[PDB]
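As structure tokens, the structure follows; a few thoughts come after it.
Going in written order, the chains are labelled A, B, C, D, E and F, and every chain counts its residues from 1.
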Amino acid sequence: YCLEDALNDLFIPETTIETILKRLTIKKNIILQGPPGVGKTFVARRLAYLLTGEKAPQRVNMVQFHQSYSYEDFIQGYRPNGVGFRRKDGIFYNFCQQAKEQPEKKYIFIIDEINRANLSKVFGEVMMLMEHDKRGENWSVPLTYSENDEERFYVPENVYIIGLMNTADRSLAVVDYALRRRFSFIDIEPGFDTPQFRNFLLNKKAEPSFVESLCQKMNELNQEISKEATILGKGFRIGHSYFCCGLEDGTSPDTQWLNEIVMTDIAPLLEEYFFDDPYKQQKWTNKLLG
Amino acid sequence: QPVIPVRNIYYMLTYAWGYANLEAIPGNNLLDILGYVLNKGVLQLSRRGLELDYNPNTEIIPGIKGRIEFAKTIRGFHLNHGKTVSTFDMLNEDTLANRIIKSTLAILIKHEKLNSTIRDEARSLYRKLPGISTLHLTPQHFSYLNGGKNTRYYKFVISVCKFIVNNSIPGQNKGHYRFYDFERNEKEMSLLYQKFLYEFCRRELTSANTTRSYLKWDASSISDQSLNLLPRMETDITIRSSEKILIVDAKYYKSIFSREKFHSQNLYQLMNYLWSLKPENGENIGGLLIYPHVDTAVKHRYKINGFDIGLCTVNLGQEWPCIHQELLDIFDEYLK
Amino acid sequence: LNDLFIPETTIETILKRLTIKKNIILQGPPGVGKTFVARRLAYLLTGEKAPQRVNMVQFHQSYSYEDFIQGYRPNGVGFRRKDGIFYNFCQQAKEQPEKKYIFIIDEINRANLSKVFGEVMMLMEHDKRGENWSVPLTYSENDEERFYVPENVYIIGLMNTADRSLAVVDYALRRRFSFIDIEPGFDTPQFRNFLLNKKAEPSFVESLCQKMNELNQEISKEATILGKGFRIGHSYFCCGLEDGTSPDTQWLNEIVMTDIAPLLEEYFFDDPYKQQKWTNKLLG
Amino acid sequence: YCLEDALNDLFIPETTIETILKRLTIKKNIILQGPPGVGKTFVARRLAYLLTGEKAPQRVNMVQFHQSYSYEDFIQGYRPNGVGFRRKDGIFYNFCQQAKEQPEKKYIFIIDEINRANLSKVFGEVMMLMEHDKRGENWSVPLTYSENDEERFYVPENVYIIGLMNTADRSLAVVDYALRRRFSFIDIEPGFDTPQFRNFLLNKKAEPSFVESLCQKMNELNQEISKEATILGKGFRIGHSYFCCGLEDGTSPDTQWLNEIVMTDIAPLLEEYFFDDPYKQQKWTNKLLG
Amino acid sequence: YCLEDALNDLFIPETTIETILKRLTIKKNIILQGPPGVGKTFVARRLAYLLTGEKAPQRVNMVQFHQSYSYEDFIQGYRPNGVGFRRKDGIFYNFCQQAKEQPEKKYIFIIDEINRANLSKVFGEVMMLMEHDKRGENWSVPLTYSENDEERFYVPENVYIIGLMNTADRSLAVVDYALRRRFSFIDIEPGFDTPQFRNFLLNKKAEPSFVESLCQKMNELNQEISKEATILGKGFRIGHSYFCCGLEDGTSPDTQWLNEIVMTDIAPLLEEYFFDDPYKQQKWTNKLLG
Amino acid sequence: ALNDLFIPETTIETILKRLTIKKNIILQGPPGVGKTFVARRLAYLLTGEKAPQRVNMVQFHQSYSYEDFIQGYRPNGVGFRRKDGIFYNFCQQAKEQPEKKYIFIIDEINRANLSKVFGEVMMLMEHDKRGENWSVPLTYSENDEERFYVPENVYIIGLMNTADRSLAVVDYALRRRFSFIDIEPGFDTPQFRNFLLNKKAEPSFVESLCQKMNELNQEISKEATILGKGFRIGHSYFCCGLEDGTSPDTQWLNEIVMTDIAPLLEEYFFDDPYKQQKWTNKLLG
């Protein structure tokens, strides 16, 4: 694999990307926060093969957390083989052993929608271990269900951790500031006013006039969203994905095509963002069309 | 029998609680004002999303969920009927913080004297929270919530519920409620006045430093070092700046609202505060008495016993920004 | 395509939206034939009246990830890992890639939709369907064993808009689902043609649309309290006249007291006069 | 091993360090409460070797409480064997037996993030027994899952217990005042003003102005953090761990490196911390940057 | 077992212990209700030997309750064999059977931290027998786990039951219904303003004025706490045992010794108490040091 | 039976009109209305054969669950077996006889969580989705050989009571699938008056009591919020004790006032004993 393969279709600047791999090589734990539809899931699979430098998925593990996920599933816990219960090494525990076998090669674990599940309960023993300076056998710790003190778990140095959390819900946020310290938080923005986003459209037979009209409009609207941080923060602003997908057949992005999606997707979204203001819904919706 | 217009009092509570349009609402009485924000405030929260706290649940289920507690299962022999005692963390909105809001809404609806629209909209929201369990509210519940894990926004709206609950009186009916005539009592109004200023001063007077100072008597007594018998003395506020220190003693009195004799007994407290206080910097010592008046504002300065003291008033009922203008204008004179 | 009371354009939107986007939310008041619409529509997309491909469920607050996808549940001997319907269903459709298999979820609003879907809340999107996007499941014994949505699967969500819960808002799921409103369709001829081909009076049908519209418009008057999502559906009228009883004013009078009257209470709670007013308005 | 060895790299004054051993030797159970990044985990392994007087791991045990630990995990519980359950002596019970193997040499048990777990549930009977006075055979008590034949578990005198509760999560704070009497609570400050921190930077190719400027700004901030108690109390104030690490490669400390820190780690924390006005966020970030 | 050994060291007035001894022979089900650190656990071990008149471990039993404690361990229940389940006599069953042998000799059962576990879950059916009037074989009952109705258990009159409960937690405001009917609550004072507590210090090379000066402040402080009812009741007030401990070396009490206790124990406790008014913490902390 | 029933025939006729079409129904009314006795006679009426075997009755409670109602695993002597519940067994009995109407009685339905109990089947009981077309495999049905479908013949009656002010708004699940019916106490009805005059009751004694209770029934429902129409007293207390062999009399009524209405009167108000005493004294004479 090579770097440029990823960057061709990526709307985010490389400057952010260079910042990202710099931290990740250092910190080994990171959190990518933005609104939905900005390619967090998109970049993450790409990014792993960059960091390794080779497109090895076996060294990559990708999971989505949720409420029905626990330390028993993740790390270790007792589960039924059948008649007899057994100790079942969780998925992360298995992943760490694989990386130990090949210390040189970087092994990467990808957690989508991390902010949902109670990380405090899930990581637990890991919450201390995962930090960049505390990895290795010197800091080996026995687990809850370890048979004796000698059975101990230490994070390998090669491991890199990726955290993916949407900023739409203030309810689900990583308020545990101690947990915040382990992770290096890099915001990601919608990136409408980018060449690579525009080049993708023009490459798909798009009008440069329509494009400049488009990006300017959303940029103003997204900025309006960031303004009312008390009500709706910058994290709430619309992503670029709505416009991205749907042209695979070859349909040209005319003004009509945009007008169709706005009615179907963003319009009810706008209604929710402005529960109290119908005019503000009417204002921006009509603003787009003309 | 005059009191301040009710709308402006809400601003004082806001500074008192340390954190909107009231022009739209037509209800002069307070409860219309307070409920509208609460009714609207919950709607502001729900847009972002209400707080969900992982609540552990340990129960008897037909399968493995989370962590099985081996002990409780074997002791109860639940294996035989295919059941386990297992612990897992269901995520609910039924926490104390959310429960307080919902039960309060019943009180708000039950209030006998209230705007029709406010009562109707709240009844909608009360239905809109089916999962939450109603509760019988006490300060002890609010007492447990001093942790304040919730957001800054939650803590503001919660304080509102505290005002309502304590200032709710049953009226004509056994079920329904009637609001307290808060304005009439001076004492809480005074504690409102003192608390309003202290947090207010931190906001606007970034230039100066604002702290309450406890004071100790200069006395020595052969009988007791404790001096428990002596009155306890704690400043209402002290607002210290490099050029000048300044202590304020402010209280809410009904007599002063009448434009005659003057009620200034609090001055007696003030002088002894000046004496027991000794400044290391020794730049200067100044005092201020500030009171609420209805009609107009009057300012005087005095040089009494080697101290520079001000008596001043504020024309509450005028306008909140001009009042906000006036207060900052006031301190600029004396803080020098 | 014959007995449907919803506009032909609206269904044409859906089929184009559905095939492309593969995920939708069909939101409207009760009594608009959400169940019948999708079931009618589902056979169109397959092109054949195949019920085995189609499976429907009605979510509820107690519905859980245990039920939908995977879960540990007891056999006669003891506990084992039991594949929920969707894992069972997706495998069945995965067996036959060519044909289009459908999954219908009713009363979706009740459950904590994030909780139920879990892993597939990411996977369900049309682009992230395939072995590349496979992930090991929560309860998967081994990291290598994974689950991926096949491309043939298409998902339909049916939502009652009259019970908003100010508990959880997810705008990310909204990215997955294309939301499509459904109006009752009293004005539509297809609703009228059904009745006039059931020996109704021409005016009686015309009188009803005037009666319902005045009520429905009032419901949408106050968007905050109620909306077009709250307004009354038509389906109550469909049922009960195929016995052989053609429409009459008496039959109307039954339904008003039978069905709508609690709704009014539900809607216009603690305002009997408005219920009595709007009730009596229809009877006259 | 001696204090000189431990306090070579530690940023803490000796003052607390002797105070720590003073309360420990009399009380035998203590807790260090401070925000994350102040070396709570860092000191703990060093402290253990002081009292024993040697760098020995065997006499020491380290664990973390993750809000899912139980009495069955800590002390005594039933575990599946191949077909049927058996009773397993927990780690602490396993640990105490080692400590009483030789009373002469001191044994230490280290618990990270102790505040998380419900300590009353886990320790149970031990909550009384841990205290210094009620130790030894005189206060032997029979355990829950002990055999019908009298077998009793008593804390050896040599044992010392250490707890590590972060001060960020308010909810996860000790309200078991009965338990808080067994322990002695030692506040730890961020460590900005200390020269031992400053020397660590200056030794690592740093300007005294840039160092002295850094401490000035942070100390201003923590006062503002300390100013509030409504949401952000004194305990929330920022730790020094952020600045400690990442310079091993030879990167000298400068505004470039500092700028990377502020944007990447602190700037997320601040907006998460305040969430009322960006101006306060824009203010302090620019202050550190400028 | 002379009272002089028992009662000389104690800080409690001889009146209340005598009053306690009265009701204990009378009712035999007693609860000591006071904050931690007033010797509730301390007295009870002595009190058992007072009644018997001898230092006998066999006749006296001590336990601490917690959530894991249950009927099946307390009274009777089934314990797994390698596969099979064997019934096992629990503590109280085994304990009473000893008391059945010797009806004349008094037998004592001590339960600390009783509120933590529900009595009904543990005691259950036996709460009928446990009450003072309904004791003896006349009221015998067959057990839940008794193989046959023939096997029966009755609480002999000789056993006395002691419960140590701390009024330090918010949950205990709603005291359990099971306790109130069957137990007689007695309040234990903090016992600062007592001769023996003072005399304990005076024997340990203490100035009277420094001793007398301290008590008024402690007596003053606890009065302030008790005035509140919403957050901190009278039961939360400080106990007298922080000061007792730590003088075993012979180091004289002074502000130096006292200041250690204030900062390391009482200072953060006050932060937990007076979270709402941090300045209130400053008021007292400065007051005590002076 | 109609003459034995005290409620308006119009409601009796109306119900059969609704249930036959709707197939799901719930009766909400005061305690002491003979709601159970009402449904049974109605159940026999609709079938036309007075068959108890077709009839099966269940009383819900908060613990009641899917294992009790539908299917669950119960311990064997060794190991455990899948154990058919009531509704699973009941419908399969009805499945054999499609023509034959089969009825199910759920008492105190509002206490339990319908969803937790029914689960999957909660949609299948909706009249629109009935028969083999809507068959679904059960949670514990390990194989797909058999799926559970409620056949058309089934009718479900739910007995709910408006007695309790503690009860909040009914669960949304119920409202959808069920038609809610209010049952009158039936004092005014002649069929109840002919149920006392057939016992040689005085017409003055009969008519006075009708007016007497009506005076109360208005007052109890006059309260806006706390005590509504549903609270008002039913007639079932009056039935038991007259046709056993003892004739009606005011003294017989006097005992009944103390027995049931007097504590019930205390229970509803729970505030004013005089208001209770005034009403209790009013009832007696």
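Rule of thumb we're sticking to: contacts are C-beta pairs under 8 Å (C-beta built on N, C-alpha and C of every residue); 3 or more make two chains touch, one makes a residue touch a chain.
In UniProt terms, the chains line up like this: B = Type IV methyl-directed restriction enzyme EcoKMcrBC.
Asks: On the document's contact criterion, could you list the chains that touch chain B and likewise touch chain D?
Replies: A, E
Asks: With contacts defined as at the top, give the pair, B-F or C-F, that has more of them.
Replies: Of B-F and C-F, it is C-F that has more C-beta pairs in contact.
Asks: Tell me which chain's centre, taken as the mean of its C-alpha atoms, is farthest from chain B.
Replies: F
Asks: Suppose each chain is reduced to the average of its Cα coordinates; what separation in Å results between chain C and chain E?
Replies: Using C-alpha averages as centres, the distance is 62 Å.
Asks: As a quick test, compute the distance in whole Å between the mean CA positions of chain B and chain E.
Replies: 39
Asks: On a C-alpha centroid basis, what's the spacing between chain D and chain F, in Å?
Replies: Comparing mean C-alpha positions, chain F is 62 Å from chain D.
Asks: Can you compute the centre-to-centre distance for chain A and chain F, using the mean CA position of each chain? Integer Å is fine.
Replies: The answer is 55 Å.
Asks: Two-or-more-chain contact residues of chain E, please, as numbers and ranges.
Replies: 68, 80, 170, 275-276 - these are the residues of chain E that touch more than one other chain.
Asks: Could you tell me which residues belong to chain B and also touch two or more other chains?
Replies: Within chain B, residues 43, 47-50, 52, 62, 64-65, 67, 70-71, 74, 82, 91, 127, 130, 147, 149, 151 contact more than one other chain.
Asks: What are all the chain pairs that meet the touch criterion?
Replies: The list of touching pairs comes to A-B, A-C, A-D, B-C, B-D, B-E, B-F, C-F, D-E.
Asks: In the complex of these two chains, what residues of chain D are touching chain A?
Replies: Interface residues on the chain D side: 35-37, 41, 61-64, 66-69, 73, 79-80, 82-83, 91, 94-95, 112-113, 116, 166, 168-169, 172, 236, 239, 241-242, 245-246, 260, 264-265, 268-269, 272, 275-278.
Asks: List the residues on chain D that touch chain B in their complex, please.
Replies: The touching residues are 68, 70, 72, 77-80, 85, 169-171, 173, 230-231, 275-276.
Asks: For chain B, which residues are in contact with chain A within the complex?
Replies: Residues in contact with chain A: 43-44, 47-52, 54, 64-68, 70, 88-91, 149, 151, 153.
Asks: Under the touch definition given earlier, write down the residues of chain B that touch chain F in their complex.
Replies: 62, 80-82, 127, 130, 134, 174-175
Asks: Flag every residue of chain B that touches chain D in the complex, lowest number first.
Replies: It is residues 18-19, 67, 69-71, 74, 87, 147-149, 151-152, 155 of chain B that touch chain D.
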